Structures are given as C-alpha cells and as structure tokens.
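A.B. asks: One structure, as structure tokens, below. Some questions next.
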Protein chains: 2
Amino acid sequence: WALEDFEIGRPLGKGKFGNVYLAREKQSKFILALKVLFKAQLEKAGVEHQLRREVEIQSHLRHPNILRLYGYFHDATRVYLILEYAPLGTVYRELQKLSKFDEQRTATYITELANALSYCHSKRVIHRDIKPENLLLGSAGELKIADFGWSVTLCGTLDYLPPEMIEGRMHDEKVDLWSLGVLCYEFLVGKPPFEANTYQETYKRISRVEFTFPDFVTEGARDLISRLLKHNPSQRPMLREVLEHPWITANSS
Amino acid sequence: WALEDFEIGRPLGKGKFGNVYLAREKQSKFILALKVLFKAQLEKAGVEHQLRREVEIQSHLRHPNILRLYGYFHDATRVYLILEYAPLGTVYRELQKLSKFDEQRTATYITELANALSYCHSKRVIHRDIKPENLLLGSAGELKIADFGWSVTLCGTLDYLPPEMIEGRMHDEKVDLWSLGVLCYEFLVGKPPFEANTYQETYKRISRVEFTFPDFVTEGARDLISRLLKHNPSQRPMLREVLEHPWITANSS
Ligand SMILES: C[C@H]1C[C@](Cc2nc(Nc3nccs3)cc3ccccc23)(C(=O)O)CCN1Cc1cccc(Cl)c1F
Ligand SMILES: C[C@H]1C[C@](Cc2nc(Nc3nccs3)cc3ccccc23)(C(=O)O)CCN1Cc1cccc(Cl)c1F
C-alpha cells in the first residue's frame with residue numbers, strides 16, 4: 001500500500017494529529033476515506049502507543065455499526081489509515097438539522113450502538129465515552145462508531161499489591177453504558193442532559209447525576225435513560241438489557 | 001548546591017535509575033545520603049514527569065516517619081537528591097535478622113506508618129503500596145517511609161464524561177490501608193499473607209483475599225489485619241480507626 005495507489009478528493013476534516021480526505025483506490029475506483037497522521041505529532045503528545053493499540057484493535061472489528069478500517073500503511077514521517085467512507089456525515093449534523101429525533105430514529109440508533117458495543121464486548125473490547133460528532137452515517141442511514149476509542153510489573157511487588165491494582169480496570173466497561181444514556185437523551189431532547197453555562201456547574205450536574213426531562217419525553221424513554229445514567233457504574237444495565245428494553249423493542253427498526 | 005559541596009562515602013544501593021551514597025556536606029560535616037539519577041534513563045522509561053511530581057510532593061513532607069528530602073539539584077545529565085541518612089538500615093533486614101517481630105515492635109511500627117500516612121492525608125497526599133525494603137530506620141529506631149511513592153481535558157468532551165471519569169481516582173487513598181494490613185501480618189508472621197510458589201497462585205490468593213494466621217497470632221492482631229485486608233477499598237478503615245484500634249493502643253510505644 002502506498003499514497004500513489006489513491007486519487008485524493010475533498011478534505012473530510014483537519015487536525016493537529018491528522019487530516020482526512022475522500023479518496024478512490026486507482027485500480028478498483030472504490031470510494032474510501034484516507035486519514036494521514038504525522039508520527040512526530042503523535043510522539044510529541046505521547047499518543048503513538050495508544051494509536052497503535054487502537055489501530056490493532058480496530059483491524060479485527062467487522063460490524064455494520066463500526067467504521068471499517070480496510071488497512072493501513074506508512075512512510076518515513078506519516079501513518080495512513082484506509083477507512084470506510086460514510087456518505088451521510090455525522091449524527092451531530094443530523095441532530096442540528098432536525099433539532100431532535102423522533103422515538104423510532106432514536107431507538108434505532110441506540111440499538112445500532114448497543115449491537116456494535118455488544119459485538120466488541122464478546123471480543124473483550126470495550127469503548128470509552130461516545131460523542132455524536134464521532135458517529136458517522138452510511139448510505140442506508142446505519143450509524144458508524146468512528147472514533148477508534150477502544151481498549152482491550154515490578155519485581156518483588158506482587159505480594160504487596162491490593163486486589164484493585166492486580167484485577168485491572170474493574171468497571172471501565174460501564175463508561176459506554178453512561179454514553180448510551182447521554183446519547184439517548186440528546187437524541188430525543190436536542191441537547192445533552194448535564195449541559196450548563198460553566199465548567200463548575202456542568203461538573204456538579206454530572207457528579208450528582210442531576211438531570212430532568214422535558215415534558216414530551218415519554219415514559220419508556222425516561223425508564224431507559226434513568227437506568228443508564230446511574231452514578232455507580234456496576235448498577236448500569238448490561239448491553240443485552242438495553243437491547244431487550246421494551247421502549248427499544250417497540251420503537252427500533 | 002553542587003557535587004563538590006559533598007564528601008562521598010560508601011554506596012547505599014545501585015540501580016538503572018539511580019545510585020545512592022553516604023555523604024557529608026563539606027562545610028558542616030553533616031551526614032546525609034545522596035541519590036544520583038540519570039536524566040536520560042528517567043526519560044527513556046517515561047518516569048521523569050512522575051519523579052518531578054514525587055520530588056515536589058516530598059519537598060513539603062516534614063514528619064519523623066517520612067525520610068526527609070533536604071533539597072535537590074542538577075547538572076547537565078543527572079538529578080541529585082539530598083536525603084536524610086537512616087543509620088539502622090531497612091525494616092526488611094531487621095525482619096530477616098529477628099525472623100518475626102513481637103506485638104510491641106509491630107504495633108509501634110504500624111502506628112509510625114499510620115501517623116506518617118495521616119499527616120500526608122491532611123495535606124491531600126496519598127501513598128501507593130508499601131514494601132518493607134523501602135522502610136528505613138533512624139538512630140532511635142523510628143521507621144521512615146523512603147520510597148517517595150506519593151500522589152496528590154479535551155474540548156467539548158465534559159458533557160459526555162461519566163462521573164467516574166471526572167471525580168478522579170475515587171478510592172486510591174485506600175491502597176495504603178491494604179499495605180498496613182500486609183505489613184502488620186508480615187511483621188508478626190515473618191512472611192506476607194498471600195505468598196505462594198507461582199504468580200498465578202499469588203494472584204488468586206490476593207484477588208480472593210485468601211489468607212490464614214499461624215496459631216500464635218493473637219485475637220487483637222487478627223482483628224486489625226482482618227479489617228485492613230478487605231477486598232472492597234471503601235470498607236477498609238480510616239487511618240484514624242487504625243490509630244485507635246485497641247491492639248494498637250495496648251501494644252504501641
Ligand atoms: C470534522 C468532521 C468532518 C466530517 C466530514 C464528512 N465526512 C463524511 N464521511 C466520512 N466518512 C469517513 C470519514 S469522514 C461525510 C460528510 C458528508 C457531508 C459533510 C461532511 C462529511 C463531517 O463534517 O461530518 C466527518 C466528521 N468529522 C471528522 C471525523 C470524525 C471522526 C472520525 C472520522 Cl474518520 C472523521 F473524519
Ligand atoms: C538497596 C538498599 C540499600 C540499603 C543501604 C543502607 N542504607 C542505610 N541508610 C540509608 N538512609 C538513606 C538512604 S539509605 C543504612 C544501612 C545500614 C546497613 C546496611 C545498609 C544500609 C540497605 O541495604 O538497607 C538501603 C535500602 N536500599 C536502598 C534504598 C531503598 C529505598 C530508599 C532509599 Cl533512599 C534507598 F537508598
């Protein structure tokens with residue numbers, strides 16, 4: 001794989017880490033997206049190890065609701081990621097356009113997200129927080145997790161370590177349950193549940209789990225969102241509980 | 001401060017990070033220990049930031065049961081730490097020499113440790129795991145914590161973070177309560193409570209908190225050790241509870 005194998009189109013975002021472009025593989029004429037990351041930028045920020053781990057994880061993820069990584073390559077200064085192109089843009093842009101989503105559209109997206117996350121959980125892969133600007137849309141309107149936000153000793157010290165230092169990240173697998181609650185609310189309401197005018201007030205609202213619903217949010221949607229937005233991570237439902245929630249099964253396409 | 005200000009004596013340990021030596025300040029003839037760390041070694045291991053934070057914390061710690069950092073200095077390639085010299089060596093060496101400690105010696109050391117840790121807790125400083133080889137002894141037999149094992153955002157992301165990602169390290173302040181339990185047991189018994197022939201068996205014993213006491217360990221010592229060695233960090237006592245435990249108040253000098 002080399003840069004010359006691709007015809008480049010319009011930019012699809014610019015950042016300090018990498019630029020993304022629409023591209024076409026020259027031989028096949030297959031449309032895709034090419035992300036170019038600069039090695040020195042990744043090294044200077046101490047994110048190069050984190051990137052390699054996320055790319056290795058992402059290589060084995062094949063799901064309709066996860067943005068596909070077709071392959072990758074590099075040269076002396078840059079790493080190139082060959083990605084699926086999602087033609088309908090972000091869920092964030094769609095929410096801006098529509099103001100808020102109806103219950104069918106929302107339950108469908110939540111199902112797609114929980115399916116992707118359940119598929120990853122079965123491979124012992126968990127995801128961190130999820131933002132709607134990192135959720136892309138395919139030609140048939142399928143949502144695509146596109147952030148790559150995945151995660152999978154000193155001598156003579158084991159004897160002295162407590163269980164929490166050796167058992168690993170205990171309930172880090174529950175961060176994405178809280179993200180589904182925030183997204184389900186944001187999709188129905190048009191804004192995230194803890195949004196406030198200042199950092200301190202936003203922090204207070206999340207830490208105390210202080211949120212209310214507009215009157216139009218229905219009983220089923222409130223029940224699901226209230227179960228997802230638990231302060232204690234272990235009390236948040238399993239993804240299989242989300243997929244079988246009656247508001248989800250009634251409204252999801 | 002410069003190297004020429006000190007007369008160097010015998011080595012007090014050698015490692016890939018730094019060498020320690022007995023030293024005497026030339027003008028005052030005051031005995032101390034000088035630790036020399038190589039900047040390139042610290043940088044290559046990605047421990048240089050961690051070191052600066054621990055040294056900054058350690059600069060403000062003045063307690064008879066914490067090894068004193070008198071000051072520090074550097075040149076082009078190395079960082080020098082000017083430390084208190086503890087003439088009676090480690091608690092680890094004393095335990096080897098005596099086989100095990102009596103209840104008075106043990107309760108006294110536990111008190112000294114809990115006092116140091118309580119003093120740090122009041123300054124919002126917590127400690128990680130504690131090993132007896134990092135516990136030194138002063139001329140009057142006072143134990144000295146000497147490991148420096150102390151500890152004190154993306155745009156548009158706060159709205160999407162769960163409480164556990166913003167509230168910080170929740171109960172990391174409880175690791176050192178588990179260390180006091182392991183040390184109290186090791187001091188009375190002569191070996192740590194979860195010691196086993198293999199890594200897998202040691203891991204199993206800590207994770208399941210599977211330990212027993214030799215018949216000679218008394219009721220009071222069992223009560224304290226059993227309260228410290230709780231799997232759930234939040235259920236371990238506060239340091240003030242350790243200091244007021246009747247086995248401690250009865251046996252501590
Ligand atoms: C900064 C924005 C630019 C972006 C451009 C854009 N992309 C597509 N489809 C793609 N399929 C693959 C990659 S982009 C379709 C578009 C349709 C109309 C308008 C802009 C479009 C947008 O404005 O929606 C995409 C989202 N982020 C970047 C970004 C964020 C996370 C991950 C990735 Cl990989 C990423 F690129
Ligand atoms: C590898 C061993 C070597 C050591 C040497 C030694 N030190 C002292 N007293 C000191 N007061 C200040 C620093 S050393 C007294 C001794 C008495 C007899 C025999 C050896 C002695 C030992 O064998 O006990 C000390 C413990 N660790 C090193 C070590 C570990 C953690 C922190 C530090 Cl700073 C450190 F140096």
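Residue numbering restarts at 1 for every chain of the structure tokens, chains are lettered A, B, ... in their displayed order, and ligands are numbered from 1 as they appear.
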So which bits of range 148-218 of chain A end up alpha helix (DSSP H) when you DSSP the backbone, as an NGL selection string?
C.D. replies: :A and (163-166 or 175-189 or 199-207)
A.B. asks: Using only C-alpha atoms and all ligand atoms, find each residue of chain B with at least one atom at most 6 Å away from an atom of ligand 2; report its shortest atom-to-atom pair and that distance in Å (one decimal), sort the rows by chain and rising residue number, and return the result as JSON lines.
C.D. replies:
```
{"residue": "B:12", "atom": "CA", "partner": "ligand 2", "partner_atom_place_in_ligand_line": "5 (C)", "distance": 4.0}
{"residue": "B:13", "atom": "CA", "partner": "ligand 2", "partner_atom_place_in_ligand_line": "1 (C)", "distance": 4.2}
{"residue": "B:20", "atom": "CA", "partner": "ligand 2", "partner_atom_place_in_ligand_line": "36 (F)", "distance": 5.5}
{"residue": "B:33", "atom": "CA", "partner": "ligand 2", "partner_atom_place_in_ligand_line": "12 (C)", "distance": 5.3}
{"residue": "B:84", "atom": "CA", "partner": "ligand 2", "partner_atom_place_in_ligand_line": "12 (C)", "distance": 5.8}
{"residue": "B:85", "atom": "CA", "partner": "ligand 2", "partner_atom_place_in_ligand_line": "11 (N)", "distance": 3.7}
{"residue": "B:86", "atom": "CA", "partner": "ligand 2", "partner_atom_place_in_ligand_line": "11 (N)", "distance": 3.8}
{"residue": "B:87", "atom": "CA", "partner": "ligand 2", "partner_atom_place_in_ligand_line": "15 (C)", "distance": 4.7}
{"residue": "B:88", "atom": "CA", "partner": "ligand 2", "partner_atom_place_in_ligand_line": "17 (C)", "distance": 5.0}
{"residue": "B:89", "atom": "CA", "partner": "ligand 2", "partner_atom_place_in_ligand_line": "15 (C)", "distance": 3.6}
{"residue": "B:90", "atom": "CA", "partner": "ligand 2", "partner_atom_place_in_ligand_line": "24 (O)", "distance": 4.6}
{"residue": "B:134", "atom": "CA", "partner": "ligand 2", "partner_atom_place_in_ligand_line": "31 (C)", "distance": 4.2}
{"residue": "B:146", "atom": "CA", "partner": "ligand 2", "partner_atom_place_in_ligand_line": "32 (C)", "distance": 4.6}
{"residue": "B:147", "atom": "CA", "partner": "ligand 2", "partner_atom_place_in_ligand_line": "32 (C)", "distance": 5.2}
```
A.B. asks: Please produce an output containing N, CA, C and O atoms for each residue in the selection, written as a PDB file, in the first residue's frame.
C.D. replies:
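The result, stored in selection_22.pdb:
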```pdb
ATOM      1  N   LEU B  12      25.118   3.050  48.945  1.00  0.00           N
ATOM      2  CA  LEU B  12      23.914   2.650  49.674  1.00  0.00           C
ATOM      3  C   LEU B  12      22.857   2.141  48.666  1.00  0.00           C
ATOM      4  O   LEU B  12      21.667   2.445  48.791  1.00  0.00           O
ATOM      5  N   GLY B  13      23.309   1.380  47.671  1.00  0.00           N
ATOM      6  CA  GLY B  13      22.435   0.826  46.643  1.00  0.00           C
ATOM      7  C   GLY B  13      22.691   1.351  45.248  1.00  0.00           C
ATOM      8  O   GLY B  13      23.012   2.534  45.062  1.00  0.00           O
ATOM      9  N   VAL B  20      22.813   5.458  45.213  1.00  0.00           N
ATOM     10  CA  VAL B  20      22.736   6.221  46.462  1.00  0.00           C
ATOM     11  C   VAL B  20      24.092   6.087  47.173  1.00  0.00           C
ATOM     12  O   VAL B  20      24.688   5.022  47.122  1.00  0.00           O
ATOM     13  N   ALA B  33      22.500  11.275  52.802  1.00  0.00           N
ATOM     14  CA  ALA B  33      22.592  10.312  51.716  1.00  0.00           C
ATOM     15  C   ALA B  33      22.323  11.070  50.447  1.00  0.00           C
ATOM     16  O   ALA B  33      21.440  11.925  50.408  1.00  0.00           O
ATOM     17  N   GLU B  84      17.884  12.490  54.072  1.00  0.00           N
ATOM     18  CA  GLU B  84      18.210  12.071  55.414  1.00  0.00           C
ATOM     19  C   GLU B  84      18.858  10.678  55.324  1.00  0.00           C
ATOM     20  O   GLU B  84      18.419   9.853  54.505  1.00  0.00           O
ATOM     21  N   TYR B  85      19.907  10.433  56.150  1.00  0.00           N
ATOM     22  CA  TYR B  85      20.534   9.121  56.269  1.00  0.00           C
ATOM     23  C   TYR B  85      19.921   8.396  57.460  1.00  0.00           C
ATOM     24  O   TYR B  85      19.877   8.945  58.575  1.00  0.00           O
ATOM     25  N   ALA B  86      19.407   7.166  57.229  1.00  0.00           N
ATOM     26  CA  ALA B  86      18.769   6.377  58.281  1.00  0.00           C
ATOM     27  C   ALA B  86      19.790   5.308  58.679  1.00  0.00           C
ATOM     28  O   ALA B  86      20.001   4.375  57.890  1.00  0.00           O
ATOM     29  N   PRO B  87      20.451   5.462  59.853  1.00  0.00           N
ATOM     30  CA  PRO B  87      21.606   4.606  60.167  1.00  0.00           C
ATOM     31  C   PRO B  87      21.359   3.141  60.422  1.00  0.00           C
ATOM     32  O   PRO B  87      22.307   2.351  60.296  1.00  0.00           O
ATOM     33  N   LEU B  88      20.107   2.757  60.732  1.00  0.00           N
ATOM     34  CA  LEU B  88      19.897   1.385  61.124  1.00  0.00           C
ATOM     35  C   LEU B  88      19.356   0.490  60.028  1.00  0.00           C
ATOM     36  O   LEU B  88      18.882  -0.590  60.336  1.00  0.00           O
ATOM     37  N   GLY B  89      19.441   0.929  58.762  1.00  0.00           N
ATOM     38  CA  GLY B  89      19.039   0.121  57.611  1.00  0.00           C
ATOM     39  C   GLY B  89      17.551  -0.104  57.426  1.00  0.00           C
ATOM     40  O   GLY B  89      16.747   0.690  57.893  1.00  0.00           O
ATOM     41  N   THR B  90      17.162  -1.220  56.784  1.00  0.00           N
ATOM     42  CA  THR B  90      15.741  -1.410  56.483  1.00  0.00           C
ATOM     43  C   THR B  90      15.017  -2.253  57.488  1.00  0.00           C
ATOM     44  O   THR B  90      15.617  -3.054  58.227  1.00  0.00           O
ATOM     45  N   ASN B 134      11.574  -0.620  51.527  1.00  0.00           N
ATOM     46  CA  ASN B 134      11.571   0.838  51.347  1.00  0.00           C
ATOM     47  C   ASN B 134      11.265   1.557  52.657  1.00  0.00           C
ATOM     48  O   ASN B 134      10.892   2.741  52.660  1.00  0.00           O
ATOM     49  N   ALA B 146      10.509   5.711  52.761  1.00  0.00           N
ATOM     50  CA  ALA B 146      11.620   6.206  51.932  1.00  0.00           C
ATOM     51  C   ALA B 146      11.471   5.947  50.427  1.00  0.00           C
ATOM     52  O   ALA B 146      12.431   6.141  49.674  1.00  0.00           O
ATOM     53  N   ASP B 147      10.281   5.547  49.977  1.00  0.00           N
ATOM     54  CA  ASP B 147      10.067   5.249  48.555  1.00  0.00           C
ATOM     55  C   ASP B 147       9.611   6.412  47.688  1.00  0.00           C
ATOM     56  O   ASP B 147       9.573   6.248  46.464  1.00  0.00           O
TER      57      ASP B 147
END
```
A.B. asks: Tell me, in Å to one decimal, how far CA of residue 55 in chain A is from CA of residue 116 in chain A.
C.D. replies: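 Interatomic distance, CA of residue 55 in chain A to CA of residue 116 in chain A: 16.9 Å.
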A.B. asks: Using Å and a single decimal, report how far CA of residue 163 in chain B sits from atom 32 (C, counted along the ligand's line) of ligand 1.
C.D. replies: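 About the pair atom 32 (C, counted along the ligand's line) of ligand 1 and CA of residue 163 in chain B: they are 24.9 Å apart.
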A.B. asks: Compile the contact shell of residue 105 in chain A as a ChimeraX atom specification: residues with an atom at most 9 Å away, counting only C-alpha atoms, same-chain residues fewer than 4 positions apart removed.
C.D. replies: /A:101,109-110,187,251-253
A.B. asks: Residues as selected, N, CA, C and O atoms, written as a PDB file, in the first residue's frame, can you do that?
C.D. replies:
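part_14.pdb was written with the following content:
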```
ATOM      1  N   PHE A 101     -34.600  14.096  17.426  1.00  0.00           N
ATOM      2  CA  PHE A 101     -35.026  12.915  16.683  1.00  0.00           C
ATOM      3  C   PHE A 101     -36.297  12.363  17.300  1.00  0.00           C
ATOM      4  O   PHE A 101     -36.516  12.479  18.511  1.00  0.00           O
ATOM      5  N   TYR A 109     -30.979   4.063  16.439  1.00  0.00           N
ATOM      6  CA  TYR A 109     -29.582   4.419  16.641  1.00  0.00           C
ATOM      7  C   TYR A 109     -29.020   3.783  17.925  1.00  0.00           C
ATOM      8  O   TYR A 109     -27.938   3.305  17.942  1.00  0.00           O
ATOM      9  N   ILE A 110     -29.803   3.793  18.988  1.00  0.00           N
ATOM     10  CA  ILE A 110     -29.380   3.178  20.250  1.00  0.00           C
ATOM     11  C   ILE A 110     -29.160   1.670  20.084  1.00  0.00           C
ATOM     12  O   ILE A 110     -28.249   1.113  20.613  1.00  0.00           O
ATOM     13  N   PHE A 187     -30.431  12.724  21.744  1.00  0.00           N
ATOM     14  CA  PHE A 187     -31.171  12.459  20.509  1.00  0.00           C
ATOM     15  C   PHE A 187     -32.642  12.890  20.641  1.00  0.00           C
ATOM     16  O   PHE A 187     -33.158  13.522  19.723  1.00  0.00           O
ATOM     17  N   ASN A 251     -39.840   0.560  19.475  1.00  0.00           N
ATOM     18  CA  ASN A 251     -39.546   1.660  18.557  1.00  0.00           C
ATOM     19  C   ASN A 251     -38.437   1.429  17.528  1.00  0.00           C
ATOM     20  O   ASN A 251     -38.456   2.083  16.499  1.00  0.00           O
ATOM     21  N   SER A 252     -37.514   0.511  17.770  1.00  0.00           N
ATOM     22  CA  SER A 252     -36.402   0.244  16.872  1.00  0.00           C
ATOM     23  C   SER A 252     -36.805  -0.453  15.585  1.00  0.00           C
ATOM     24  O   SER A 252     -37.530  -1.434  15.623  1.00  0.00           O
ATOM     25  N   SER A 253     -36.281   0.034  14.443  1.00  0.00           N
ATOM     26  CA  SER A 253     -36.483  -0.564  13.114  1.00  0.00           C
ATOM     27  C   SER A 253     -35.565  -1.780  12.987  1.00  0.00           C
ATOM     28  O   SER A 253     -34.600  -1.890  13.747  1.00  0.00           O
TER      29      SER A 253
END
```
A.B. asks: Using only C-alpha atoms and all ligand atoms, find the one residue out of A:47, A:76, A:130, A:118 that sits nearest to ligand 1.
C.D. replies: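 Closest residue, counting only C-alpha atoms and all ligand atoms: A:130.
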A.B. asks: Please report as a PyMOL selection string which residues of chain B come no farther than 10 Å from chain A, using only C-alpha atoms.
C.D. replies: chain B and resi 46+128-132+156-167+171-172+174-183+191-196+199+202-209+229-233
A.B. asks: Give me the residues near residue 2 in chain A as a list in words, where near means some atom within 10 Å (using only C-alpha atoms) and where sequence neighbours in that chain fewer than 5 positions away do not count.
C.D. replies: residues 72, 73, 74, 75 and 80 of chain A
A.B. asks: When you look at residue 220 in chain B with a cut-off of 12 Å (counting only C-alpha atoms), what residues show up, excluding the ones that are within fewer than 2 positions of it in the same chain? I need them as an MDAnalysis selection string.
C.D. replies: chainID B and resid 103 107 184:185 216:218 222:227 242 245:251
A.B. asks: Now that the selection is made, can you save its residues with C-alpha atoms as a PDB file, in the first residue's frame?
C.D. replies:
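Final output, saved to result.pdb:
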```pdb
ATOM      1  CA  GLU B 103       3.495  -7.351  69.204  1.00  0.00           C
ATOM      2  CA  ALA B 107       2.199  -2.108  66.806  1.00  0.00           C
ATOM      3  CA  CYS B 184       1.205  -5.915  60.117  1.00  0.00           C
ATOM      4  CA  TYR B 185       0.835  -9.597  59.111  1.00  0.00           C
ATOM      5  CA  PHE B 216       0.355 -17.704  67.665  1.00  0.00           C
ATOM      6  CA  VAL B 217      -1.179 -14.544  66.149  1.00  0.00           C
ATOM      7  CA  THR B 218      -3.365 -13.057  68.887  1.00  0.00           C
ATOM      8  CA  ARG B 222      -6.185 -10.800  63.799  1.00  0.00           C
ATOM      9  CA  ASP B 223      -8.970  -8.230  64.243  1.00  0.00           C
ATOM     10  CA  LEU B 224      -6.881  -5.351  62.899  1.00  0.00           C
ATOM     11  CA  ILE B 225      -5.357  -7.347  59.998  1.00  0.00           C
ATOM     12  CA  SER B 226      -8.820  -8.703  59.022  1.00  0.00           C
ATOM     13  CA  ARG B 227     -10.256  -5.128  58.947  1.00  0.00           C
ATOM     14  CA  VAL B 242      -6.180   2.100  62.880  1.00  0.00           C
ATOM     15  CA  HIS B 245      -7.575   0.160  67.421  1.00  0.00           C
ATOM     16  CA  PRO B 246      -7.297  -1.438  70.915  1.00  0.00           C
ATOM     17  CA  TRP B 247      -4.496  -3.787  69.823  1.00  0.00           C
ATOM     18  CA  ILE B 248      -2.522  -0.730  68.627  1.00  0.00           C
ATOM     19  CA  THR B 249      -3.206   1.391  71.745  1.00  0.00           C
ATOM     20  CA  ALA B 250      -2.346  -1.554  74.061  1.00  0.00           C
ATOM     21  CA  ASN B 251       0.945  -2.523  72.341  1.00  0.00           C
TER      22      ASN B 251
END
```
A.B. asks: Tell me which protein, DNA and RNA residues are within 8 Å of residue 54 in chain A, counting only C-alpha atoms, leaving out same-chain ones fewer than 5 positions away, and put them as an MDAnalysis selection string.
C.D. replies: chainID A and resid 148:151
A.B. asks: Restricted to N, CA and C atoms, what would the selected residues look like written as a compact mmCIF listing (two decimals), in the first residue's frame?
C.D. replies:
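This went into out22.txt:
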```txt
# COMPACT_ATOMS: atom_id res chain seq x y z
N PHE A 148 -12.44 5.15 17.01
CA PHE A 148 -11.34 4.19 17.37
C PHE A 148 -11.11 4.18 18.91
N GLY A 149 -12.10 4.60 19.70
CA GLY A 149 -11.98 4.72 21.16
C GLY A 149 -12.07 3.41 21.90
N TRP A 150 -11.27 2.44 21.48
CA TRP A 150 -11.29 1.10 22.05
C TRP A 150 -10.10 0.83 22.98
N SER A 151 -10.32 -0.09 23.92
CA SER A 151 -9.31 -0.60 24.88
C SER A 151 -9.64 -2.09 25.01
```
A.B. asks: Using only C-alpha atoms and all ligand atoms, can you tell me which of A:237, A:15, A:64, A:9 comes closest to ligand 1?
C.D. replies: A:15
A.B. asks: With DSSP run on the backbone, what are the strand (DSSP E) residues within range 27-117 of chain A? I'd like them as a ChimeraX atom specification.
C.D. replies: /A:31-38,69-74,78-83
A.B. asks: Can you tell me how far CA of residue 173 in chain B sits from CA of residue 125 in chain B, in Å to one decimal?
C.D. replies: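 So the two atoms, CA of residue 173 in chain B and CA of residue 125 in chain B, lie 8.5 Å apart.
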